[PDB]
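To keep things clear, I will list the structure first and then write my remarks on it.
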Amino acid sequence: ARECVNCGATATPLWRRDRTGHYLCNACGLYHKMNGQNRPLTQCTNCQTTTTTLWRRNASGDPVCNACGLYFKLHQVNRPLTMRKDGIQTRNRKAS
DNA sequence: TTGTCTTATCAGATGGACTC
DNA sequence: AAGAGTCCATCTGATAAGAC
Ligand SMILES: [Zn+2]
Ligand SMILES: [Zn+2]
Ligand SMILES: [Zn+2]
């Protein structure tokens with residue numbers, strides 16, 4: 001039940017936090033950082049997944065999922081198909 | 001019960017569409 | 001007409017949760 005504490009949006013291409021760790025949508029997060037006040041009111045080339053919280057690009061400029069993109073950056077080799085975990089994983093990130 | 005490694009989820013950078 | 005500024009999606013980079 002995540003919600004932008006400024007505008008009330010429940011959907012956004014990227015969730016962000018303010019200095020205190022209060023959640024803000026991408027729009028309200030960028031605005032506050034820039035202005036210092038409140039904002040006024042596809043599939044992976046490697047593993048063929050259609051679901052990720054963040055699309056990245058490979059060296060040729062084609063889309064890869066977050067997992068595949070990060071794996072390649074680290075290892076300089078493509079993510080093997082056997083690494084692909086079923087389901088969606090989430091993590092409780094702490095403040096600051 | 002600790003250590004490693006994958007990769008979610010945060011933060012920063014870039015630039016197209018739009019207004020001024 | 002031609003430049004600077006606003007806005008915010010979407011990209012790259014940083015941090016670190018928790019799978020295993
Ligand atoms: Zn918002
Ligand atoms: Zn706040
Ligand atoms: Zn992938």
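What's counted below: heavy atoms across the whole structure, side chains too, no hydrogens, waters or symmetry copies. Chain naming here is simple, since letters A, B, ... match the order of the sequence lines and numbering starts at 1 in each.
Using the sign of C1'-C2'-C3'-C4' as the criterion, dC7(C) is classed as a south pucker. The pentose of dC10(B) is categorized as north (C3'-endo side) on the basis of a positive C1'-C2'-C3'-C4' torsion.
The separation between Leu54(A) atom CG and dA14(C) atom P is 14 Å, rounded to whole Å. Rounded to an integer number of Å, the gap from NZ of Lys33(A) to P of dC10(B) is 15 Å. The separation between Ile88(A) atom CD1 and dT6(B) atom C1' is 17 Å, rounded to whole Å. Taking atom CG on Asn46(A) and atom P on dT7(B), their separation rounds to 11 Å, with Å as the unit. Atoms CG (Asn66(A)) and P (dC10(B)) sit 12 Å apart, rounded to a whole Å. Note: CG (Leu74(A)) to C1' (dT12(C)) measures 15 Å, nearest angstrom. Counting to the nearest Å, the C1' atom of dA19(C) and the CD atom of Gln89(A) are 9 Å from each other. Between the CZ atom of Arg56(A) and the P atom of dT7(B) there is a distance of 12 Å, given to the nearest Å.
For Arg16(A) against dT10(C), a side-chain-to-base donor-acceptor contact under 3.5 Å is present. Scanning atom types as modelled, no donor and acceptor separated by under 3.5 angstrom connect the side chain of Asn92(A) and the base of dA17(C). Interface remark: the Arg57(A) side chain does not form any donor-acceptor pair with the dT12(C) base, using a distance-only criterion of under 3.5 Å. With hydrogens and angles ignored, no donor-acceptor pair closer than 3.5 Å exists between the side chain of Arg17(A) and the base of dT15(C).
Of the side-chain N and O atoms in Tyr23(A), one or more sit less than 4.0 angstrom from OP1 or OP2 of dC10(B). Between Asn26(A) and the phosphate of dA9(C), there is a side-chain N or O to OP1/OP2 separation shorter than 4.0 Å. Look at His75(A) and you won't find any side-chain N or O under 4.0 angstrom from OP1 or OP2 of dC5(B). For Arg2(A) and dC10(B), the shortest distance from a side-chain N or O to OP1 or OP2 is below 4.0 Å. Contact between the side-chain N/O atoms of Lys73(A) and the OP1/OP2 oxygens of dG13(C) is found at a separation under 4.0 Å.
Contact annotation for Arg79(A): backbone-only contact, meaning every heavy-atom pair under 4.0 Å involves sugar-phosphate atoms and none involves a base. Here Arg39(A) lies in heavy-atom contact (under 4.0 Å) with sugar-phosphate atoms only. Heavy atoms of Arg19(A) sit nowhere under 4.0 angstrom from any nucleic acid atom. If you check every strand for non-hydrogen atoms under 4.0 Å, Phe72(A) touches nothing. Among the heavy atoms of the strands lying under 4.0 Å from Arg93(A) is at least one base atom, whether or not backbone atoms are also near. In this structure, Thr90(A) reaches the sugar-phosphate backbone alone: every heavy-atom distance under 4.0 Å involves primed, P, OP1 or OP2 atoms, never a base.
Atom CD1 of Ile88(A) is surrounded by 12 or fewer heavy atoms from other residues, nucleotides or ligands within 6.0 Å.
Listed nucleotides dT9(B), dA13(B), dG12(B) differ in distance to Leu14(A); the shortest reach to its side chain belongs to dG12(B).
The two residues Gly69(A) and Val64(A) come nearest to each other via the heavy atoms CA-CG2, 3.8 Å. The shortest non-hydrogen separation linking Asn46(A) to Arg79(A) is ND2-O, 2.6 Å. Smallest separation of non-hydrogen atoms from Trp15(A) and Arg2(A): CD2-CD, 3.3 Å.
Taking CZ of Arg16(A) as the start and CG of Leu24(A) as the end, the distance is 10.0 Å to the nearest 0.5 Å. With rounding to the nearest 0.5 angstrom, the CG atom of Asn58(A) is 8.0 Å from the CG atom of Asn78(A).
Using a 4.5 Å cut-off on side-chain heavy atoms (C-beta onward), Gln43(A) and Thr49(A) make no contact.
Heavy-atom nearest nucleotides on DNA chain B were determined for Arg91(A) and for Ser96(A), and the one closer to the 5' end corresponds to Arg91(A).
The pairing partner recorded for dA2(C) is none, the criterion being a Watson-Crick or G-U wobble arrangement whose two distances lie under 3.5 angstrom.
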